[PDB]
Amino acid sequence: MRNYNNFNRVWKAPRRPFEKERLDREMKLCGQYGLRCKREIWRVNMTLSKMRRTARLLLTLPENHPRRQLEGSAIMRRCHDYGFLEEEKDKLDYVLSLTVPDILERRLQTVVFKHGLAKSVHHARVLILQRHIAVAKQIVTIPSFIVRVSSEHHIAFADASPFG
Amino acid sequence: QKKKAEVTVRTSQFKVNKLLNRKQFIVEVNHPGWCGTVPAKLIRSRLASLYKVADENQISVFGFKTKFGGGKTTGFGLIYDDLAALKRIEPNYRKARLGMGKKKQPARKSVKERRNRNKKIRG
Amino acid sequence: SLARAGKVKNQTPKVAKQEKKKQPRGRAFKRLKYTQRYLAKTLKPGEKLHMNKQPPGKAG
Amino acid sequence: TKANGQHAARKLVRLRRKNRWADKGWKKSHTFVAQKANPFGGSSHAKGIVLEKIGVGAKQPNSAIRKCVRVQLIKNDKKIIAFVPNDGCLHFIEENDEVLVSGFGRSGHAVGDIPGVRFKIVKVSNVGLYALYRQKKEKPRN
RNA sequence: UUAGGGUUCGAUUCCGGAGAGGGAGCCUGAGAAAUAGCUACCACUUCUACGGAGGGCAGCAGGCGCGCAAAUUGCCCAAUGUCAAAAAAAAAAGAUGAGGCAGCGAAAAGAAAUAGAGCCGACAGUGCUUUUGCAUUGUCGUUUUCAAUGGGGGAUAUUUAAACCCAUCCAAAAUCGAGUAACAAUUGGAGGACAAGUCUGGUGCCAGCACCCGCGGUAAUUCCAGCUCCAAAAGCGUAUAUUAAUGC
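For the structure given in this document, a descriptive report is provided here. (Residues numbered from 1 in each chain as written, not as in the entry; some residues may be left out. Chains lettered and ligands numbered in written order. Part of a larger assembly, values for the part shown. Heavy atoms only, no water.)

## Brief notes about the overall build of chain B
Next up, step 1: Summing up its helical and strand segments, chain B has 4 helices and 4 strands in all.
Next up, step 2: Along chain B, from the amino end to the carboxyl end, the secondary structure elements read β-β-α-β-β-α-α-α.
Next up, step 3: In terms of overall size, chain B is more extended than a compact globule, its C-alpha atoms giving a radius of gyration of 20 Å where 123 residues would be expected to give roughly 14 Å.
Next up, step 4: Dimensions of chain B, computed from C-alpha atoms along their principal axes, come out at roughly 75 × 35 × 20 Å.
Next up, step 5: Put simply, 50% of the contacts in chain B that link residues at least 6 apart link residues at least 24 apart.
Next up, step 6: As presented, chain B carries roughly 9000 Å² of accessible surface, and 51% of it is formed by carbon and sulfur atoms. (Helix = DSSP H or I, 4+ residues; strand = E, 2+ residues; numbered from the N terminus. Rg over C-alpha atoms; globule rule 2.2 N^0.38 Å. Contact = heavy atoms within 4.5 Å. Areas by Shrake-Rupley, 256 points an atom, 1.4 Å probe, with all protein chains shown as cover.)

Right, dumping it as structure tokens:
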């Protein structure tokens with residue numbers, strides 16, 4: 001017996017999957033950003049809902065409450081990192097204005113293309129997985145790696161690369 | 001051809017353990033342009049020159065951890081003072097990679113079976 | 001009638017299907033549809049564009 | 001209505017405990033007569049030995065003949081009917097063959113145009129009957 | 001599982017209690033009413049030249065039975081602990097199916113391959129237009145062409161107690177390999193609820209489909225086949241229970 005390692009789901013399917021409204025706004029993403037399947041669109045959704053739950057709960061509180069103070073700075077800090085929000089943001093209402101694209105946008109697959117190192121998102125997903133990209137000096141072969149605001153300006157190529 | 005591959009060995013955090021008369025040093029390796037993993041022989045040579053040990057006998061190393069992407073390795077190794085201290089203090093398997101270990105004990109199962117039958121006998 | 005079972009599935013014609021080239025897979029598949037329906041068009045479905053349409057023939 | 005008093009608690013509790021016995025969605029859980037009644041013992045499936053093939057009619061708005069199987073249950077020694085749920089697979093069931101049996105859909109009401117039958121035959125001799133239907137496997141007589 | 005209030009589960013890794021075929025009695029010990037300790041009875045059960053003598057897996061494997069239902073008679077004390085008169089080593093390394101490791105393992109959970117790009121032709125949309133014509137974007141296609149990489153192969157090796165898995169690599173002087181990328185994705189659906197057929201053949205209240213509403217009586221958008229398209233995707237259907245849906 002005697003396993004003390006956690007399991008958790010990171011993705012879940014929204015209720016009523018045959019809504020033609022939802023289908024539109026799925027394909028629109030998965031085609032454009034070159035995503036493999038719908039599973040990816042959902043994976044980000046979950047983590048965003050999570051973040052937005054605590055932010056809502058903090059916002060409710062009166063000023064000068066410990067929950068508000070401490071954990072408010074943290075939520076904000078980690079949206080400054082990854083470039084989801086800028087450093088002119090502080091409210092914890094900005095945090096609730098985050099939506100699904102702004103996450104996907106900062107995945108390595110898109111960041112590679114946008115920085116000029118590929119000709120398509122589909123093409124940049126290959127460039128990742130053929131082990132010919134880096135994220136500063138560290139070879140990353142995962143397209144779902146979220147890239148820091150600092151470290152999207154040091155992408156370069158792998159040192160194992162015939163293209164570098 | 002266009003280069004000569006080399007193996008670079010460094011260390012980070014070092015101890016002096018006078019209780020067991022050994023050194024405990026977290027190794028690092030880099031090995032730019034080297035093909036595949038670094039064999040431990042090379043590492044022992046570099047460490048010899050570094051800590052001014054006259055032996056690769058006293059240098060006995062275990063474990064190596066190859067980080068993802070490119071040639072990189074990190075590890076940990078032990079130097080001992082004397083060669084007698086090495087043989088005595090160190091585990092069997094570590095030694096036997098140098099070829100200073102002991103011959104393997106006879107199979108566990110045959111021992112059990114016999115150890116049971118010895119309880120029966122009176123002499 | 002205890003046995004007359006399988007009546008229809010005896011009589012029917014079998015083409016036994018037809019050869020086809022392999023399809024795109026992974027992202028490539030999802031790409032394929034998102035081009036067809038939502039691009040090179042004035043419309044997005046909706047029901048405004050119909051994803052499948054068929055030719056005429058017979059009417060009753 | 002209800003009581004809003006501070007010490008009103010016990011009257012509320014006892015009221016609920018009475019009125020849940022007017023729910024059939026309470027009884028179906030808590031009462032073991034329901035469990036006993038169910039021919040699987042409330043288990044997911046059970047196996048049985050085929051007795052006889054029984055031709056079964058249909059109700060008035062849709063006239064058809066339906067192929068059904070009188071099966072006996074190993075577990076409890078009860079008899080039951082079940083439907084063959086593929087086209088022309090009456091063949092692949094034969095007498096005295098072991099067979100599995102499942103429920104189908106709503107399990108408190110009988111399915112339309114087959115009265116008394118909530119039971120469909122999934123597997124014959126642990127082979128998938130669907131697999132025989134849409135050919136992959138062939139039935140063992142081995 | 002639930003916005004909240006709640007609803008439901010707990011045999012099972014940790015803690016507490018109880019039990020060792022069913023019962024009772026007892027010795028020893030600081031501690032036991034111990035069961036791989038003892039005594040007796042009962043239900044079973046194994047040997048015996050039949051005078052007698054034994055057995056207790058709800059310990060690990062494994063076998064029989066059972067049921068819808070569940071792994072190897074594998075390797076190791078290197079690690080983690082425990083017991084001991086005991087550190088290791090000295091000729092000279094205690095024991096442990098506790099425990100670790102591997103095998104089997106689509107219960108469950110994380111990541112991710114099955115292609116990507118430039119030329120030519122065809123189609124659609126938008127802008128300008130002398131209506132000739134041009135530009136931009138997207139799709140499809142040929143004996144079209146170009147690179148790159150994993151699955152897989154191997155090792156100067158490395159991991160590990162030993163060996164694997166992962167990782168790193170195809171020379172550092174010297175070491176493999178895709179083009180139909182045959183290294184070819186499936187499981188359920190297309191009348192309504194509910195995303196997708198004004199199809200074509202076959203059947204004709206028969207065969208069957210259908211959770212429910214309903215389809216089939218020769219004019220089938222639902223059956224039986226083919227093509228076409230849709231949803232999810234290395235996962236997808238089916239059954240039963242339970243929770244949400246339920247302010248039923």
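## Re the overall build of chain D
Next up, step 1: Within chain D, the regular secondary structure consists of 4 helices and 7 strands.
Next up, step 2: For chain D, the N- to C-terminal ordering of α and β elements is α-α-α-β-β-β-β-β-β-β-α.
Next up, step 3: In terms of C-alpha radius of gyration, chain D reaches 22 Å, well past the compact-globule figure of 14 Å for 142 residues.
Next up, step 4: Reported as C-alpha extents along the three principal axes, the dimensions of chain D are approximately 75 × 35 × 30 Å.
Next up, step 5: Residues classed as buried in chain D amount to 25% of the 142 residues present.
Next up, step 6: Accessible surface for chain D amounts to roughly 10000 Å². Of this, 51% is attributable to carbon and sulfur atoms. (Buried < 20%, exposed > 50% of the residue type's maximum accessible area, 1.4 Å probe, protein only.)

## Examining the protein's contact with RNA strand E
Next up, step 1: Contacts to RNA strand E come from 143 residues, most closely from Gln130 of chain A, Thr66, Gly69 and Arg88 of chain B together with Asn52 of chain C.
Next up, step 2: The protein-proximal atoms of RNA strand E, defined as those within 4 Å of the protein, are 73% sugar or phosphate.
Next up, step 3: Across the surface near RNA strand E, the residue classes break down as 47 nonpolar, 45 polar and 51 charged. (Near = heavy atom within 4 Å. Nonpolar A, V, L, I, M, F, W, Y, C, P; charged D, E, K, R; others polar.)

## Notes on the pairing of strand β2 (residues 66-73) of chain D
All names here are of chain D.
Next up, step 1: Two elements, strand β1 (residues 46-56) and β2, share 8 bridges in a ladder whose sense is antiparallel. Each bridged residue has a counterpart across the sheet, and for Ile54 the counterpart in β2 is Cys68.
Next up, step 2: In the sheet, β2 pairs with strand β3 (residues 79-83) via 5 bridges, with the strands oriented antiparallel. Along β3, the bridge assignment pairs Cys68 with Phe83. (Pairing = 2+ DSSP bridges.)

## Notes on a nonpolar patch on the surface
Next up, step 1: Judged by side-chain polarity, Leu19, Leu20 and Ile89 of chain B come together as a nonpolar surface patch covering roughly 270 Å² of accessible area.
Next up, step 2: In this structure, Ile89 of chain B sits in helix α2 (residues 84-89). (Patch = residues over 30% accessible without salt bridge, like charges linked within 9 Å, V, L, I, M, F, W, Y side chains within 5 Å. Salt bridge = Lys/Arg side-chain N within 4 Å of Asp/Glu carboxyl O.)

## A closer look at the environment of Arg141 of chain D
Residues and elements named next belong to chain D.
Next up, step 1: Position of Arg141 relative to the elements: it lies in the segment after α4 (129-133).
Next up, step 2: Considered as a pair, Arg141 and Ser125 are 16 residues apart in the sequence and their alpha carbons are 9.6 Å apart.
Next up, step 3: When neighbours within four sequence positions are excluded, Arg141 is seen to be in contact with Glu94 and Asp97.
Next up, step 4: A distance of 3.3 Å separates a polar atom in the side chain of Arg141 from a polar atom in the side chain of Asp97. (Polar contact = N/O pair within 3.5 Å; in protein donor to acceptor, adjacent residues only side chain to side chain.)

## Quick notes on the pairing of strand β2 (residues 22-29) of chain B
Residues and elements named next belong to chain B.
Next up, step 1: Of the strand pairs in this sheet, strand β1 (residues 9-14) and β2 are connected by 4 bridges, and their pairing is antiparallel. Its bridge partner being in β2, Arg10 is matched across the sheet by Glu28.
Next up, step 2: Relative to strand β4 (residues 74-80), β2 runs antiparallel, the two being bridged by 7 bridges. If you follow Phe25 over to β4, its bridge partner there is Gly77.

## Quick word on unusual backbone geometry
In terms of backbone geometry, most residues other than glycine have negative phi values and most peptide bonds are trans.
Next up, step 1: Going from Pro45 of chain C to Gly46 of chain C, the amide bond is cis rather than trans, its omega being -10°.
Next up, step 2: Within the secondary structure, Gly46 of chain C sits in the segment after α2 (27-36).
Next up, step 3: Phi is positive for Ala156 of chain A, close to 50°, though the residue is something other than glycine.
Next up, step 4: The topology assignment puts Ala156 of chain A in the segment after α6 (121-129).
Next up, step 5: If you check the backbone angles, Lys17 of chain C has positive phi at about 55° while not being a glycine.
Next up, step 6: With respect to the secondary-structure elements, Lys17 of chain C resides in the loop between α1 (7-11) and α2.

## A short note on the arrangement of the chains
Next up, step 1: Comparison of the 3 pairs of chains in contact shows the highest number of contacts for chains A and C.
Next up, step 2: Regarding chain B and chain C, the two do not touch, and the least distance separating their C-alpha atoms is 25 Å.
Next up, step 3: Note that chain A does not reach chain D: the shortest distance linking a C-alpha of one to a C-alpha of the other is 20 Å.

## Structural notes on the packing of aromatic side chains
Next up, step 1: Per the counting criterion, the structure on display carries 9 aromatic pairs over all chains.
Next up, step 2: When the ring of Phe40 of chain D is compared with that of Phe119 of chain D, the centres are 5.7 Å apart and the planes differ by 90°; the resulting orientation is edge-to-face. With a gap of 79 residues between them, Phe40 of chain D in the loop between α3 (33-37) and β1 and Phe119 of chain D in strand β5 (residues 119-120) connect regions that are remote in the sequence. The pair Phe40 of chain D / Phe119 of chain D is uniform in exposure class, with both members buried.
Next up, step 3: With a centroid separation of 6.5 Å and 45° between ring planes, the pair formed by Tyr130 of chain D and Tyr133 of chain D is classed as tilted. Placement of the pair is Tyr130 of chain D and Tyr133 of chain D together in helix α4, with a separation of 3 residues, close to one helical turn.
Next up, step 4: What makes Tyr133 of chain D partly exposed here is its relative accessible area of 22%.
Next up, step 5: Between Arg94 of chain B and the ring centre of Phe62 of chain B, over which it is positioned, the NZ or CZ distance is 3.7 Å. (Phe/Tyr/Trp six-rings, centres within 6.5 Å; stacked < 30°, edge-to-face > 60°. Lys NZ or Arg CZ within 6 Å of the ring centre and 35° of its normal.)

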